[PDB]
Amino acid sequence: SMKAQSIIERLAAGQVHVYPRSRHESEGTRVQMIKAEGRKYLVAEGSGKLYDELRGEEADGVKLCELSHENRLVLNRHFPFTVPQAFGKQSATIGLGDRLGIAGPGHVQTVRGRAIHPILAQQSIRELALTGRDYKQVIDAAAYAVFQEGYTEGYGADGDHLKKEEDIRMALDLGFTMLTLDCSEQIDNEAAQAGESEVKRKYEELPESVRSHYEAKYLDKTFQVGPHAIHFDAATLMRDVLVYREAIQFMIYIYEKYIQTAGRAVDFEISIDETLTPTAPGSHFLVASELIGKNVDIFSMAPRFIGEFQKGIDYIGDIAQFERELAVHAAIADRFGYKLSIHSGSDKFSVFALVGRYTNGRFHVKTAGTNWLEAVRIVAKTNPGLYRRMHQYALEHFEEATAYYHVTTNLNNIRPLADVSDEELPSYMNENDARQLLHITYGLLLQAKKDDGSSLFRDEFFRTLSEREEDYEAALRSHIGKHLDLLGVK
């Protein structure tokens, strides 16, 4: 309370940072956001239901409030623009995942004035587990970000890479507006790699009603998808049914059980991008045709594209072949009305203009870890001693993290820390292999502890990022801005 009294008095004296776009008003209560002693606060003043419902410390007629979950729910009630919204499938969206909870404002600053809608709250179940966070905090950070920046155009919240029904129920209960269904576990990858008589053999074990449905609809048929002809012979049809049928059934089951019944608009993304086999455009057509035939309302489809989309780096593969397949993938999406979704999209600069051109600007692209790597870059620039300790720890524990993310990192390409000066440490975050090293070890680094249980890096990491808040947000504006520019946004 003496802490709160000090802040309130210094605010009156003009000695406390006020976020200039954060001033809002509900009935007779004025609210703004400030930063004091490395922490953000809400400041409320003026009698009213908003003042009464916020929880904080009162001095003068002024209430100083922490950025708590409960106060976020109060802001949600009085300021609808702080509540996530669905967007539908006829616009551009970017997923702006934040593993740290501090990138929201920089993300908002980047999309302000651009023709794209931000999915500002986006984290996977694995990311929550590796960071020790929950979905309430992810939406909290996004809601406070749009309030801080006075961004009233609307933001979305994505329950990313959901697999279990309990997690889908949780996402819907917590107000998420985008639901990403990971169907990788239902894909029959051995059927995709098996020989072609064995495909015919496994196919013949299916019920005749199933084989009749697919053959009557696809066998020896040609579909005109714009300038692209998609033809199914028996061999391709049988393999497609074996690889995808169980996943299709799972898509329909989830849609009917949870999406159709949600009682509000939900953007439903189907994800098959973490498959071992690439999604052939013809297989994509069959999956979409079956879903659309069953009245499933799809926001986006995330196929596995030819080549590789690894974390932290640009595309691996033959970009001419990527373009040829993208042309058909994009035509299929246009035919059925949903958008293509690009996962592991950050730093894929070689594909962005193609994606923008072939989708006519109507896409979803997801990022997350690249925003963590920009925070690491700030540490390399401003706290080299901390960077060295984090980089060395990542080297020592890298194998644990490769169990969760598939990368082909060559540690032999990374200069030893003893060979690089403090001034040169930021150059690591421009290199493929060092970027992957730090990208995938975020959970191990954030949760690392000393023998007494205190944090090994996490507290000092957030301390430097708070001290360098303006540098971090300039870095996000520049880095995510480059993504949007190459995608052709606006």
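One rule holds for the numbers: they count along the sequence shown, beginning at 1.
The stretch with the higher mean CA B factor, choosing between 96-104 and 209-217, is 209-217. When the mean C-alpha temperature factors of 473-481 and 8-16 are read from the deposited coordinates, 8-16 comes out higher.
Going by the entry's values, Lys202 shows the largest Cα B-factor out of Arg389, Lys202, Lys348, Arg72. The entry lists C-alpha B-factors for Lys89, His284, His343, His228, and the highest of these is at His228. Among the modelled residues of the chain, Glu27 sits in the highest third by CA temperature factor in this PDB entry. Annotation for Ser47: CA B-factor lies in the highest third of the chain's modelled residues. Sort the chain's modelled residues by C-alpha temperature factor and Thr441 lands in the lowest third, per the entry. Ranked within its chain, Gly175 lands in the middle third, by CA B factor from the PDB record.
Ranked within its chain, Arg304 lands in the highest third, by CA B factor from the PDB record.
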